[PDB]
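S.K.:
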Amino acid sequence: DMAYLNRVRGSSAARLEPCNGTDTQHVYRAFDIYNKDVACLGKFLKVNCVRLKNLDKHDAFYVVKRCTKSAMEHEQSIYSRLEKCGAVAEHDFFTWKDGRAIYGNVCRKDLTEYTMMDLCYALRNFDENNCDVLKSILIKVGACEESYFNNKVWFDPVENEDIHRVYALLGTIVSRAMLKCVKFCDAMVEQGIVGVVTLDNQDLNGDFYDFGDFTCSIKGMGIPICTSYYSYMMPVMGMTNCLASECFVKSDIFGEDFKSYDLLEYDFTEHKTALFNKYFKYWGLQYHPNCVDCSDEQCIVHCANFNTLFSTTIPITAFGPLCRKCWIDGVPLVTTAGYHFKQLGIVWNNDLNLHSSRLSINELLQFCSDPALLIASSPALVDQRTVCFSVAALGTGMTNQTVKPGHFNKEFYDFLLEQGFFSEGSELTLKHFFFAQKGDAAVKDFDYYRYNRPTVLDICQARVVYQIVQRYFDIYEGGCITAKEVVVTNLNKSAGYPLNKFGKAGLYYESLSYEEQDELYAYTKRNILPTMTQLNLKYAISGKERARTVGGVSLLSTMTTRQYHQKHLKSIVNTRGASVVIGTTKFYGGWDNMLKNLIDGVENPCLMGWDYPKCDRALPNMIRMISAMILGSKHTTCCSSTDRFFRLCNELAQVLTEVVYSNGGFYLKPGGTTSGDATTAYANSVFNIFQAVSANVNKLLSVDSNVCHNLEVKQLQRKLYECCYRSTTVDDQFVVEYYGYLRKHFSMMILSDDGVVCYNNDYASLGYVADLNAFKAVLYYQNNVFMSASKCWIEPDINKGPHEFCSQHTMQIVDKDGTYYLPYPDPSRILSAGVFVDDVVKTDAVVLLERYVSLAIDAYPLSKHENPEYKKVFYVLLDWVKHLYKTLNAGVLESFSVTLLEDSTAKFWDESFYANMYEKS
Amino acid sequence: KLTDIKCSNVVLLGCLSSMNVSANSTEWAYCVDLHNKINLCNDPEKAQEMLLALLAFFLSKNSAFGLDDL
Amino acid sequence: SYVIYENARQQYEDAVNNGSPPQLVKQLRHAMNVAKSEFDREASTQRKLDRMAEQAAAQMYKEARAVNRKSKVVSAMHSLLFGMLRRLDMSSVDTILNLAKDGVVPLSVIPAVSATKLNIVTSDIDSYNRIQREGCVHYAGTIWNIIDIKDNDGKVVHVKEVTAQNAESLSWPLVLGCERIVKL
Amino acid sequence: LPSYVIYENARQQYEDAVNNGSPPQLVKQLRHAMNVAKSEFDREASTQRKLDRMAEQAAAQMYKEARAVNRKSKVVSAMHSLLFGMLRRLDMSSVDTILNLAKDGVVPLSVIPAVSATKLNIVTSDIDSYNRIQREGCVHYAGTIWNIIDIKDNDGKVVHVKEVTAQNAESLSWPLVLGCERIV
RNA sequence: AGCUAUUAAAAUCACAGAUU
RNA sequence: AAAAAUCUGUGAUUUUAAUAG
Ligand SMILES: [Zn+2]
Ligand SMILES: [Zn+2]
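Chains as they are written, first to last, in PDB author numbering: chain A, 3 to 923; chain C, 2 to 71; chain D, 11 to 194; chain B, 9 to 192.
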């Protein structure tokens, strides 16, 4: 005992406190192991190491590993060649005697408690319970004091903004690790060692150790492999902002020592390339600073991922449209000549003409809506109410907008009290009202883009998820359609800014002939047209106090965007019996078919849903771009490679990053999404399936393959890991095999950002499929928003249907020999919809009879409900409609002496008319 | 009681908004603060207190005229 | 016009009961069939105007009602509020309105970050005693704290030797300034 | 065309035989003629409605086409005024100067107004930030010197520079909007 | 020998509800 | 000055289809 403890102490140190004595200590640590019998990224228990604490240093553990003498000597040969570099911890080699055997020992000096893998794993598998590893690492590294954790919500990004400040202090750890990785790989090539380097070999300090599986070779021409080292760490280095030290401009715009000409620079191509060769030297694959040089769709995702990581070092004022001098009718101008994207880089127009005269409507229309001329000819602006960058203000000055309350319907309310509603028994009461807003409702709601942050995907895993999510959309068809064949439902709607100052969308759709619409559309396939959205406040009944804004995209964006997508979008609503439900009705038994189809085929079923906190604001840029790439993948014959790129840029330039006009000031939007896009309800759906699949892939990799017995799952895990981190091309044979495995055990029902899942319960408990504890993990490092467990639900039995879908509860009833589901709403919504109205003339019901019809159609399902109070909700609406019709008929008789016949309209206060709408076939 | 209070204050902002209190933000941020909080309140005792604070402000704008509620 | 067809219908349908020659009956029935066809056209043309008349009357009745309501919204809404405040059983609303009906009414009310500020006009000593109790103002169902008092062009009352000396001697009205003790 | 006259002539002959008791051998021929004349009249009359409804279709289309021309000519002439209204505001002397400094003659759009414009609007939230921006009454932004010319509070009323001191700052209606101008 | 009536469907226009 | 979509209700005009005279 003591004799062995003597030598481990070393020949030049002392003060080692034994944590477990001469016996090894059992501990749980994360590993990234690929082997003939296992391929996992989880954590394993290890027994071979004795750990000792050094008392003098802040955090220094003497760890000694004992193994067969041959293995100890093998490491010594490897260490002796590598030791002269600056990335290897001090090793000491010796052997010790036992009563009947000899065994070797390898002693490491001053190794920190946790490897780099534990930091990465602890952040990519996160839940507010059993989080002691992440909490521990913060304290020892020195990011925050222990008093910080006293706050019960310290971990919530959208409620504790200071958290992003704490993580940034870990940025030095991550950045320091990489610069020591490139130094180590260089030693490998020179000294001639072949091996695979991974995170679990590295301390938090940056030193490498535990290289027992490396093999020797001739000096020089060594081979290091680092696909899994960088890939697994990618979300962390973007979440922790590790490249802050590389900021190009280190002066404040408001400082008196600033210079003017510094703002002009826009071309940072050389700067980005220098970083790549500095940190990712041995990454292997090519990297094109400007995505216009890429070859495939997979390369555009690959390069655009790096650009999002390197965009943190570029000034915020360098992005946006690039404008140029121009001549119109002989007088000068400033007009768009390109664009500078955070993701895609710099793109130049292929068509710009510097001299124009006798403008046609097409030239006149795109000149007027292009921000270049209006932004340049107005004063500057500094708005301290919002974090978003903003420089412009109308010559007329700024203004403000308020929101007025609703109008109270006295006659209907008195009717409810007479019937017995709203009694002090507290059965039902009003919950939806018309809320007012202060003068700054718009800008202070645009400020919520603060939550948008530059997330970075681990590209080695987003390749496979991009393949699987695409398989869900292979049923539908798509292509380009001529302007003669488009369909528009509402011509009486705003055309955006500044075109709305002259007329609504109908005026422009008839002033532009078909040939001029196709001329403009063909022009957009080779040029970029920036446009402005306008923030307008929604005025409708709500149950929550916060105001909600919706942007109206300029006409030239939607007029061209839907002509490019209309054929694909209309196919999603015509296909029936698929994952996307956007086109299915809830009447005529549609609700029963939707649920009965979802539940069919899943063994041992369970039911769950989930919620995205602030989806519109926190949606990452990278995953919104991919949603535009998947929906455009159908254009295979009608467009060449370059035509699809310039149609992708036009979507990013007009929707993702925009010049937003609100209350007389133009602001530069940082990202996210806007509800006014032509692909809103369908671009959300693709993102929704991206998170659901990405949660499956993330967890399936982490299950200990050494104890799995479902051979089909065991083989899938090994093929999945091999296809991600150890292959250059995805074999589509596996994807069809894995996609056919989700459809049997993880069936889905998706509709925009609202969806339901029916999943095999036995597999989820073991971890072969996603689970609510897995959706917390994927959102934290892919959306950096915390998904509180109280906002989602689980229903362990299918007889009750989903708890809540599309804001409507579900009930199951038995009738004759058949049993079916029925949706019914929240009762307070139907009653409150009549008491409070948004227009004064609606206070008198007799003017609008048809408002309570078509509102009792939604209330019929309540008639089947158990609670007698809920039953009254439907029958009161029938009496109310009866009261109105008999009042109008007698009123017309007295006033004009003509009697209306009641027989034709007597079907509206009998439940037989309403029941026909929830009858199958 | 409670549902009468939640409806007797929707008409108050209707009277105040018609009287053009929206011109100056300081007095419109005071009313909208009460209007929003009174609607969400569940305790009838507290909801009454806010209504009286809003009602007292309304009288200050010289809008009493003839009263039948002696 | 329709009476002609009915007279022919009654006679010719009854003719079946007598021994009229079949060949004449065939012609007689043919004429009756034509008359019935004409009657149907009269019914369709007449009633198509009748249903149009009903629609026009109902449409204009709704329009007349709608335009009538919008012409008196502001005055009507004030009555709506004061009719609603009666339905409440609380006595607090009665106290405020009773004071307002009296000679004591509030001046401008100032929101503030620290505490709201009140200004109250007290025309007579009785009005001052109404709201002032224990050295504090009891208005709007809350305790309001007095800071300073203002005379008719003066502040001499500030010493608060006011209960009897000032009522007989000095002029009125008397104005108070207060702040809310509890912040909402 | 003359079918109606032919039918009327046949009708006259038909009654001019029946009313006096003409032999049936002639009446039968006339009755056949009436069927021919009436049926021919009806078929020709069927064209009248087709022509009439095509005439109204033509009238609706012509008016619709004519109205569309007026609307199109109105908007384009309105956009010329807007487009040439903005051309009058450009300070192209200042803008062109920076375009020479740019290496390739191109500059970001989000930087032109902040570098070349002559007026700046600053919205301040708290006096803690006001005194951070203002120094001796001048503001520096984008490495350029601006001086304060005008101030307006949230309500839209004018505020004096001497009125923004600490004690009176609490009374003001923040946010406070400053209007600045450059000195060259 | 082609003309009149009642239902069903499609299209256009107008208004009104619910959902993300 | 009040957005992108899906579903449903009422009314008016036109056409088509079926049955009856
Ligand atoms: Zn590339
Ligand atoms: Zn295409």
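Note that the Cβ used here is the ideal one computed from N, Cα and C, for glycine as well.
1. Classify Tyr-234 (chain A): buried if its beta carbon has 16 or more other beta carbons within 10 angstroms, exposed otherwise.
2. Excluding sequence positions up to five away, which residues of its chain have a Cβ less than 8 angstroms from the Cβ of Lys-486 (chain A)?
3. Taking its Cβ as the centre, do 16 or more other Cβ atoms sit within 10 Å of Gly-197 (chain A), making it buried, or is it exposed?
4. Based on the DSSP secondary-structure assignment, which residues constitute the bridge partners of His-357 (chain A)?
5. Tell me which residues pass a beta-carbon proximity test against ligand 1: closer than 7 angstroms to any heavy atom, given in chain order.
6. Answer yes or no: does any C-beta atom of chain C fall closer than 8 angstroms to that of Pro-116 (chain D)?
7. Chain D beta carbons: is any one of them nearer than 8 angstroms to that of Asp-70 (chain C)?
8. Going by the CB atoms, is the gap between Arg-190 (chain D) and residue 195 (chain D) shorter than 8 angstroms?
9. Does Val-33 (chain C) come within less than 8 angstroms of chain D when only Cβ atoms are used?
10. Which runs of the beta strand (DSSP E) fall wholly inside the stretch 121-172 of chain B and span at least 3 residues, in chain order?
11. Closer than 7 angstroms: is that where the CB of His-637 (chain A) sits relative to any heavy atom of ligand 2?
12. Tell me whether the stretch 34-42 of chain C and the stretch 424-442 of chain A touch, counting them as touching only if at least three CB pairs, one residue from each stretch, are closer than 8 angstroms.
13. Does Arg-465 (chain A) pass the burial test, meaning 16 or more other C-beta atoms within 10 Å, or should it be called exposed?
14. Using CA atoms only, rank isn't needed, just tell me which of A:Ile-104, A:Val-405, A:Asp-100 and A:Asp-112 is closest to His-93 (chain A).
15. Based on the DSSP secondary-structure assignment, which residues constitute the bridge partners of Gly-187 (chain B)?
16. Residues in its own chain within less than 6 angstroms of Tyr-872 (chain A) by CB, not counting five upstream and five downstream?
17. So what does DSSP say about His-290 (chain A), is it helix, strand or coil?
18. Is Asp-94 (chain A) helix, strand or coil by DSSP?
19. At 3 residues or longer, and completely inside the stretch 50-113 of chain A: list those beta strand (DSSP E) runs for me, N to C.
20. Is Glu-868 (chain A) buried or exposed, if buried means 16 or more other CB atoms sit within 10 Å of its CB?
21. Beta carbon of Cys-641 (chain A): closer than 7 angstroms to some heavy atom of ligand 2?
22. Nearest to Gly-498 (chain A) by alpha carbon, out of A:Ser-513, A:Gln-519, A:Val-552 and A:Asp-460?
23. Just checking: is the beta-carbon of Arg-79 (chain D) within a distance shorter than 8 angstroms of some beta-carbon in chain A?
24. What does the alpha-carbon distance come out to for the pair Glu-64 (chain B) and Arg-75 (chain B)?
25. Closer than 9 angstroms by beta-carbon distance: list the chain C residues that pair up with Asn-162 (chain B), in chain order.
26. So what does DSSP say about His-273 (chain A), is it helix, strand or coil?
27. Counting only runs that start and end within the stretch 515-583 of chain A, where is the alpha helix (DSSP H) found for 4 or more residues in a row?
28. Identify the contact partners of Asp-385 (chain A) in chain B, using a Cβ-Cβ distance below 8 angstroms as the criterion.
29. In whole angstroms, give me the CA-to-CA distance for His-711 (chain A) and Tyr-770 (chain A).
30. Looking at chain C, is there any beta carbon in it that lies within less than 8 angstroms of the beta carbon of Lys-446 (chain A)?
31. Can you name the residues of chain A whose CB is closer than 7 angstroms to the CB of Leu-109 (chain B)?
32. Closest Cβ-Cβ distance between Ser-101 (chain B) and chain A: below 8 angstroms?
33. Just by C-beta distance, which residues in the stretch 769-797 of chain A are closer than 7 angstroms to chain C?
34. In angstroms with no decimal places, state the Cα-to-Cα distance between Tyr-232 (chain A) and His-805 (chain A).
35. Which residues in the same chain as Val-172 (chain B) place their Cβ atom closer than 8 angstroms to its Cβ, once the five residues preceding and following it in sequence are excluded?
36. Would you kindly report the start and end of the unbroken alpha helix (DSSP H) that includes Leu-47 (chain A)?
M.R.: The short version:
1. buried
2. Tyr-516
3. Classification of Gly-197 (chain A): buried, given that the 10 Å Cβ count is 16 or more.
4. By DSSP's assignment, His-357 (chain A) forms a beta bridge with A:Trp-329.
5. For ligand 1, the selected residues are A:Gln-288, A:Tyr-289, A:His-290, A:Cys-293, A:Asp-295, A:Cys-296, A:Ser-297, A:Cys-301, A:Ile-302, A:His-304 and A:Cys-305.
6. Judged by the 8 angstroms Cβ criterion, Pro-116 (chain D) is in contact with chain C.
7. Chain D, which has a Cβ nearer than 8 angstroms to the Cβ of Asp-70 (chain C), makes this yes.
8. Not covered by the structure: residue 195 (chain D). The range shown for chain D is 11 to 194.
9. Chain D, which has no Cβ nearer than 8 angstroms to the Cβ of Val-33 (chain C), makes this no.
10. 127-132, 146-149 and 152-161
11. yes
12. yes
13. buried
14. Ranking A:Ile-104, A:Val-405, A:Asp-100 and A:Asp-112 by Cα distance to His-93 (chain A) puts A:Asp-112 first.
15. B:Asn-129 and B:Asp-158
16. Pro-829 and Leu-864
17. coil
18. strand
19. The stretch 50-113 of chain A contains these whole beta strand (DSSP E) runs: 51-56, 63-69, 93-99 and 104-113.
20. exposed
21. yes
22. A:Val-552
23. Interface flag for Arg-79 (chain D) against chain A is set, since a Cβ pair is found closer than 8 angstroms.
24. 16 angstroms
25. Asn-25, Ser-26 and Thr-27
26. helix
27. 516-526 and 557-576
28. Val-131
29. 11 angstroms
30. No - not a single Cβ of chain C is within 8 angstroms of the one on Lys-446 (chain A).
31. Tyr-263 and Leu-266
32. no
33. none
34. 41 angstroms
35. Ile-135, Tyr-138, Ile-159, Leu-180 and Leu-184
36. Careful: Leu-47 (chain A) lies outside any alpha helix (DSSP H), inside the beta strand (DSSP E) at 45-48.
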